[PDB]
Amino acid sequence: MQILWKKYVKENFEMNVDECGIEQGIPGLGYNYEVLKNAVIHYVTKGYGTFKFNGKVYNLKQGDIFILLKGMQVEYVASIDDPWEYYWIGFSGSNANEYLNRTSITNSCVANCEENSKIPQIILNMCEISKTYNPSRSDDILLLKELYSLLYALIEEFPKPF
């Protein structure tokens, strides 16, 4: 089951944080579905698992990212021996979708974070904020700041040629 699964209302249409999650996988179990949500970025924090999309089978580990986009038919399953933990951010909006088309990550939907990547700290920080989300303390502003930082970081580290 899920250590964290915060679902937010879809009140913004340029940029919206839809949900933030942490899941420790159960060995040999996962998910097989057509993605309904706009976009969901997963960061693998430990263990191993497999991501299956368009006939390709990726063996992923700590440091790896995979992104689910609306309409993708996907399967992602924790390793029997050493099941992954992943953090995820679900997001949407017209700006979000324009910025995703500026990164090479949306071609294969998988990447590996370099040693000094800014992406892991942003995703971990959004999940931390989500645990005690308080809009009256302006956590809503902070999550949006962090989502703009995340998409900037994806384009910096995984650019499409100009």
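Rigid core (definition): largest C-alpha set, two forms, superposition within 1.5 Å. Residue numbers run from 1 along the displayed sequence.
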| query | finding |
| --- | --- |
| Outlying stretch relative to shown form, 10 to 18 versus 136 to 144 in 4 other deposited structures of this protein, C-alpha RMS (core) | 10 to 18 |
| Per the entry, higher mean C-alpha B factor between 112 to 120 and 96 to 104 | 112 to 120 |
| Residue stretch of maximal mean CA temperature factor, 37 to 45 vs 23 to 31 | 23 to 31 |
| Chain thirds of CA B-factor: placement of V9 | highest |
| CA B-factor ranking of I89, expressed as a third of its chain | lowest |
| Position of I80 among the chain's modelled residues by C-alpha B-factor, lowest, middle or highest third | highest |
